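Here the structure comes first, spelled out in structure tokens, and everything after it is commentary.
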Amino acid sequence: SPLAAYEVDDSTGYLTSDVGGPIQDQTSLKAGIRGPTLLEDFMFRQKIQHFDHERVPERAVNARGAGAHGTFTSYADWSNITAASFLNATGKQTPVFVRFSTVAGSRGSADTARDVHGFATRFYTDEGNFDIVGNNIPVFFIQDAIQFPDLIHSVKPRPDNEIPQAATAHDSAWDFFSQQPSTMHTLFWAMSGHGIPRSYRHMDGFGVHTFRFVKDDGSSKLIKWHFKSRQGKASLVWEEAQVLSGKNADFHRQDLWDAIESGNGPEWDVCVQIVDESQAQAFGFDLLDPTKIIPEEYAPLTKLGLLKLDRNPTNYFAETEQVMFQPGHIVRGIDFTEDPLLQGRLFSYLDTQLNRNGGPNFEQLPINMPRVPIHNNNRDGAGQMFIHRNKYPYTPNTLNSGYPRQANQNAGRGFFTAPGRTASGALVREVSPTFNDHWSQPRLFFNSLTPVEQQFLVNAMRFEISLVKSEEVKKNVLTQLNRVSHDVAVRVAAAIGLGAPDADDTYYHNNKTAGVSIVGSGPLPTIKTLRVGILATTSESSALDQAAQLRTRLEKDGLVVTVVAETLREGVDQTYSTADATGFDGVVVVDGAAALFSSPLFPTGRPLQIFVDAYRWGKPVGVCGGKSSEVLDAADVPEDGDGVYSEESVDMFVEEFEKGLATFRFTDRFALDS
Amino acid sequence: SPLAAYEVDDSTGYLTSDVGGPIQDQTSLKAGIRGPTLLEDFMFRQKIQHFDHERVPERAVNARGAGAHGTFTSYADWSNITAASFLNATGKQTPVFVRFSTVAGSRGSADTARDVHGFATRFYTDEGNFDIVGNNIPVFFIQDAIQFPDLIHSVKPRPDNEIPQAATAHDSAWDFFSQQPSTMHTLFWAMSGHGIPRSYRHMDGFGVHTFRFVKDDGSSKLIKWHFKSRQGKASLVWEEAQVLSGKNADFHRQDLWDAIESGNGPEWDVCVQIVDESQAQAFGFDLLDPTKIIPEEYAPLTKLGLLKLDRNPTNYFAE
Amino acid sequence: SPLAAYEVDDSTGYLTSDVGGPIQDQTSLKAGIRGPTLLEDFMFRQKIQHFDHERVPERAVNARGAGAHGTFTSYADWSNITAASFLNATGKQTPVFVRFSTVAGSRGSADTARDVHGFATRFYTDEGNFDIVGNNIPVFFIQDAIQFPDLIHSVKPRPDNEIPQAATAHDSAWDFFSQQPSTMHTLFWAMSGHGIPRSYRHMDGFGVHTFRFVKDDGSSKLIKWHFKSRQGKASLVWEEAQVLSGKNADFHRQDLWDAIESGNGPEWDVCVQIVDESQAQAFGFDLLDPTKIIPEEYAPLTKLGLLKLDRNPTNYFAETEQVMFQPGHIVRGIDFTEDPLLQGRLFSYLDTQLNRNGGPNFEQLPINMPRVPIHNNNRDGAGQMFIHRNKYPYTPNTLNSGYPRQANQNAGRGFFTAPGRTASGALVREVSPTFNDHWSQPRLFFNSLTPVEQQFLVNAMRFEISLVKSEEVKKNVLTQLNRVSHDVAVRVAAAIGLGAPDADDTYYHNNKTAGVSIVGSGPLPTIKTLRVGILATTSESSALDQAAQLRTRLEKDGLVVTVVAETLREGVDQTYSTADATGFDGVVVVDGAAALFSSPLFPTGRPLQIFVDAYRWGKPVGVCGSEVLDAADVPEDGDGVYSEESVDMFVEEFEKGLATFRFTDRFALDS
Ligand code: HEM
Ligand code: HEM
Ligand code: HEM
Ligand SMILES: [Ca+2]
Ligand SMILES: [Ca+2]
Ligand SMILES: [Ca+2]
Ligand SMILES: [Ca+2]
Ligand SMILES: [Ca+2]
Ligand SMILES: [Ca+2]
Ligand SMILES: [Ca+2]
Ligand SMILES: [Ca+2]
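Protein chains in written order, with this note's numbering: chain Y, 310 to 983; chain L, 117 to 435; chain C, 3 to 673.
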């Protein structure tokens, strides 16, 4: 364990105060047995003081999230492109901590809200902590950091009543998107399956901004970070995400925790697109613009190394709640660009940590400490944990022999700003006209989705915009959507009873780009960790025998099996009362249980509804045992449908079923606009 | 009202800093049109500093809740039982503010979690602010305040993974309940429909503790506070409440906001049960024990006044 | 020790950020060589952010202070009187940290203010940290903790202009004293030399309150803590203290630091008076009353152990500024009493540390950590430095097997309230009538001082009360003083041109008590560390020779010698320009320097003024090798005036003078 030095064991021993005096903490000290509590009860006050002070402010954004420890391993010595030490040798390993999150919701909001997601990675390198504070979507809503509070105020709950929680489905958000057209690209992403990923493990990570890789000789290249999931791309469907948000608000954090505990820690290839400084404006947009992607057709990915998360935190508050990332945590070999969104972020993280931590020594929390020595003249501050020996903490000095020494390009492996960087011109609060095309790339993204996928995106927009009360805002939203796609505007307008404006073809085109579609990304590369719900009954010993056999066959392949029946007993994990289709990636009914398809033990129709929901939401579903018509007919599920299975043979059933799990979603169950 | 004086109107005008200097806030100041951002950009830093510091710690318990302004009106001059000035004359009106809440969930969790609920009432009286910080259930889980962090750690999410949110449905909570039998009464209440009320307006409020009414002559009587809902008693069913948690996490706060905006502000009769000091142990239990109710058969309610909530906040955070 | 693990070495290495990235910190990153500074300069912002956030609130009181580390050693197994683990074996050693302080001044105010002084001692015991948060005066101004903000607002600067700093010499303070008669006892102590101690090492430590010693059998006795200085008792005189406040604001903290660095770390016998519970009102006053001492005639001292301070801090901010004492840091074998001053203190220290630290994990700071394992269910909070493995931090639990287990009188060496303690009666906001005598003990104290000592205390009151603008307050002050002593009232009234009220003999008496007088406590038991200024000249090679001969002798006897001359050179420590009589405990002029008694190198008459100030302030003074003594109007026959050609002889006599320390016959007395 990377933080073992800081762990406190309470598996033995007597209760003590924080200063080691043995005490009790179960009854207050009173003046008589039915008397008033005494002020001199220090046991009471120290315990309740601590409780009263347990909370710290949630993150201003990305308040809802979860983290894990792991390791990064480099695939090569990358000297040829960067001086970065963590990348300087094949097989070199660096500990990491990653936190994943939504953006809008507070603490305690649902994991399966539709939102942008954070993906923040710390590399505890041998030349300092390096943080990549990224998202699951490669482009951001706005083109200047100064706009962030406008965006976030608009998305977060209306400030008179604090409604609605963790949702863009309200007037203010769509007022802002329609007034600030830069938002279109990220908006289209958020309205796709990327807004409701199946898990943190099934999403990619992006730095969003263009950064620089800087060699020890001072030359630089432009880069984009892209962490490519080894688990596949996968989304929920919206109706499923809504039910999930109520049945399991902790869905993503539980999925990550469980995958790690089972030895299925998630992996990504840490990649970059690498281009020349001369290509800043060569691709038909400006690399300083965080609303644009570099299509892969123009710049392929270079795999730098492997990221694997394989260790859960010991204490969530101390590790996951207190981790404080900064894009300012940069190392020699990396530099910034003049992306005005990035530029302003550099200020915000350092300042906001004062808010959360309540004082300036937040880098001393165990989770934030580096894994190398610290030499500097930073002193004092509330919560100062060091005892500095150097009594002359100023530069230049002779009384400490000139130490610490200055580090720079030529000495001490100092960070240095890419020396080819320049600035010219007027000091201006002006937007570059190179940033002005807000619509072509949203259209590129949309064009690249499959037909059903395009339908899901249209449907997400229909859902949210139909909840906007202002007819003017709705009109304004159609005006912007229509600049990306007339057809999107027409289909969305249909649901809200307004007319779409006439086509405006300025930014329309037919181009597509690879690697942005979820539905088109093919079957999952692994089905380990995927969840199978076996619906059985205690009414028939035969049904539980079937479920035990099925369990064995499925578990051999690393699937997580839940057997559901009316009541618990050995071999049954979950009652119908607590079971839901959102708990599973595939659902199997054992034919011994066909009769179930009213009781005081579960809501009326529960067993059938689990099956029907799983089918409606695109999941593989099946009946095992040979007798299937009763169940399939009660569920209105066609026996010969794609992703519908019926076999007597457990082996055969499982072989076919596992293909369905990799396919993951049977999209021919969803209606399309004609 | 201290609040009228602090309302700020932004329906007109040019944007200013917090020190009244007119500014813009849409583009950062840069060294050239494609250049880096300048440290001298005070418009940027004041805006972003404020954003960076918007959040404050959520309440240690009852983090999820919603409030409204209203009035309390006394039905009589209650001098006969209490010196309390807000209760000293028929018709006397006192401004109030009430916040309703769940207990275990963080500030973004669902209103329809199964839980105890807070019902905290401030009376801004002519002799000082008086708060009755109560619940929708008349009895509490534990018999000594020193146990609170035990109960709350047990019911809040397990501290290695912070799972599960806003729920007693996990080992630690049931470990605590089964090890601490005082928990049984409140547990039974939370597992009834009182754990999943239909709205804040359809639940009652209780002080829980025995308090004292004290006359100007120094004499005292023992009292229980019970705010009786004029809307009636109603619950959700469990499956319904689970679905609502997903489809509308804001369900209770929206319900209250809407009732107020429509001129249907909710009402309670503020009542007490009143017994003599000599009855502290007369009913087969100790009135100092917050796990016990006084059955109405042993002590009827006296209606003191009318509490009505009829005005929503202007800014949720500030109020 | 928690502290060794947290020491950080910067004697080698390249500069890094706080996250270990090598950086520079001397030039801002700019858009061009004459260009504006960039927001992306993280090197600048992390450095400036830290600087901008260096300061923390000063202590609400006792903000000006200094600390050191040391050791406590028990003289015996004290089982027979207390269960306290640190007292349970002969020779048992416990690390300590002590901070000494004034009370009213802010953190940059002078050490030599006239004030009560704090003497706060932490014992890092093998059963928890135990703090005795005491003062250099055994009694306090007020009888109920709830009055503390009244006392402290009255003594601290007037709140419109924040004038005057670190002084009771203003109207509000004397308005409070004269309206709240409980203040008289501490006031008399503050107005004596106890208000201006010569150093932290020359003052005693007192717990003030009655506490309990509790045995493992549950029995208790009542105790007073008294730390008896092994360096002796000594004071400044007031004029010397005033000059010192300007010439060396750091005088006491420097004195302590130097004593430690020189292997002369200060010692105290840690003592108690011990009496039975039945004696709580047996001595003519109530032992719950913090305005009363137990005269030693009624209860002698038991020496429990030795306190020695012998190591300075490494980082003042991290150790001295951040140490957070609490009377709530109590251990098994000690209990509280129902002293209403002590009772409220218990709440204050815990709460105020939230203010200073800015979050609840202040016991995690290295200086506040214990030296034993911590097992509890305290969690989270800002600045949480632990990673707790127990994921069931509630009691009762089965999922962590019942741990941590409850500790109490019969398990786990738990703290327990003394079991014989009871309470009975109405719940009242009433002062016990047993607290009502505010004047007899102030009179006892005053009676116990030597005539010159009584003069000094009278002169302190004359000085301060003459600065009170309000005629009404001055009159009220005389009313109260007169209840203690009519003579004090008369003598103080004479300075302010008011008439004293007629004698009111209700509380007058002629009783005296041992151990409260400084002047009467005899010569100092050691003169090591005391300071000798040798006034010399570069004019005469012979002056320098004389000085160096004196130096050899005096340094072997543990004295700190400063040779002063017009300019620095080999063997000269200080210039006349920077020298002052307040820098010295004794002054010697070498024969060769007689000429100096105008130059661009020091102010006119500086050499003579040092000798004259030292004589006026009562110090041993001499000439080694007539004219100098004539120039200074100093009588050759005077007590503590030395005039010898023999160096050996001079040294022997002068060193007796240093032990006597002050020659009080140089001070005029009222007649
Ligand atoms: C490219 C666009 C951006 C991305 C990908 C991004 C990513 C993130 C992520 C992942 C987190 C959560 C880190 C964690 O898990 O603890 C975060 C937090 C935060 N972000 Fe950014 N963000 C971006 C833009 C901004 C901008 C423009 C600002 C302000 C000018 C900003 C201010 C914050 C603040 C104040 C926090 C809370 C940080 C803390 O308390 O530690 N974000 N952001
Ligand atoms: C009769 C049993 C109890 C009832 C009815 C009760 C009621 C409440 C209510 C209604 C709130 C929310 C007030 C608001 O809306 O802001 C609250 C908050 C709180 N409660 Fe209590 N509570 C009880 C027991 C306790 C105990 C025993 C403790 C501690 C020993 C305690 C500590 C707190 C704390 C620390 C908060 C947060 C207050 C704040 O941040 O303003 N509660 N409680
Ligand atoms: C017997 C009377 C008292 C004595 C001997 C005493 C002694 C002390 C000492 C020595 C300090 C400084 C500790 C240090 O060096 O850090 C101190 C600080 C303090 N005292 Fe007391 N005191 C007494 C009465 C009180 C009362 C009645 C209160 C309040 C009700 C009080 C509140 C404080 C506070 C708030 C501080 C600052 C503590 C900190 O910041 O850590 N004092 N006192
Ligand atoms: Ca809105
Ligand atoms: Ca540089
Ligand atoms: Ca649990
Ligand atoms: Ca019901
Ligand atoms: Ca009810
Ligand atoms: Ca004054
Ligand atoms: Ca004296
Ligand atoms: Ca024991």
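Cβ coordinates follow ideal geometry from the N, Cα and C atoms, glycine included.
query                                                                                                                  : result
Proximity below 9 Å, CB of L/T206 to CB of L/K424                                                                      : no
Same chain, Cβ closer than 8 Å to Y/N621, neighbours up to 5 away in sequence not counted                              : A377, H378, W566, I569 and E570
beta-carbon Y/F439 near ligand 5 non-hydrogen atom, thresh 8 Å                                                         : no
Three-way DSSP call (helix, strand, coil) for C/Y509 in this model                                                     : helix
Close Cβ partners of Y/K968 (< 6 Å) along its chain, the five nearest in sequence each way excluded                    : none
L/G321 Cβ short of 8 Å to ligand 3 heavy atom set                                                                      : no
C/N90 Cβ short of 8 Å to ligand 11 heavy atom set                                                                      : no
DSSP state of Y/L905 mapped onto helix, strand, coil                                                                   : helix
Counted within 10 angstroms of its Cβ, other Cβ atoms place residue 679 of chain C as buried (16 or more) or exposed   : What is shown of chain C runs 3 to 673, which leaves residue 679 of chain C out entirely.
Y/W483, DSSP secondary structure in three states                                                                       : helix
DSSP state of L/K349 mapped onto helix, strand, coil                                                                   : coil
Beta-carbon proximity check, Y/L610 vs Y/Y384, cutoff 9 Å                                                              : no
The stretch 430-446 of chain Y / the stretch 292-300 of chain L touching (three or more Cβ pairs under 8 Å)            : no
Residue environment, L/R238, which counts as buried when at least 16 other CB atoms sit within 10 Å                    : buried
For L/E243, the three-state DSSP class (helix, strand or coil)                                                         : coil
Distance cut-off 8 Å: L/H286 Cβ against heavy atoms of ligand 6                                                        : yes
The stretch 250-276 of chain L: positions lying closer than 7 Å to chain C by Cβ                                       : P265, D266, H269, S270, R274, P275 and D276
Proximity test, Cβ basis, 9 Å: C/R381 and chain L                                                                      : yes
Beta strand (DSSP E) runs contained entirely in the stretch 255-288 of chain C, provided each spans 3 or more residues : 269-278
CB contact flag (Y/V740, L/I149, <9 Å)                                                                                 : yes
Cα-Cα separation between C/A409 and C/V216, rounded to whole angstroms                                                 : 16 Å
First through last residue of the alpha helix (DSSP H) which encompasses Y/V797                                        : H795 to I805
Bridge-paired residues (DSSP) for Y/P669                                                                               : Per DSSP, none; premise fails for Y/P669.
C/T580 burial status per 10 Å Cβ neighbour count (16 or more: buried)                                                  : exposed
Beta strand (DSSP E) runs wholly inside the stretch 578-663 of chain C, at least 3 long, in chain order                : 588-592, 623-626 and 643-646
Beta-carbon proximity of L/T228 to L/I339, cut-off 9 Å                                                                 : no
Contact check, C/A616 vs C/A583, beta carbons under 9 Å                                                                : yes
Rounded straight-line distance, which links the Cα of C/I520 to that of C/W176                                         : 25 Å
Assigned secondary structure, Y/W547 (DSSP; H/G/I helix, E/B strand, else coil)                                        : helix
Assumed close pair Y/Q764, Y/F979 - CB separation to whole angstroms, cut-off 8 Å                                      : 7 Å
Check: C/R116 C-beta below 8 Å from any heavy atom of ligand 9                                                         : no
beta-carbon Y/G376 near ligand 7 non-hydrogen atom, thresh 8 Å                                                         : no
Listed by chain order, chain L residues near Y/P912 by CB distance under 8 Å                                           : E355
Close beta carbons around Y/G952, own chain, < 6 Å, minus the five adjacent residues each side                         : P929, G969 and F975
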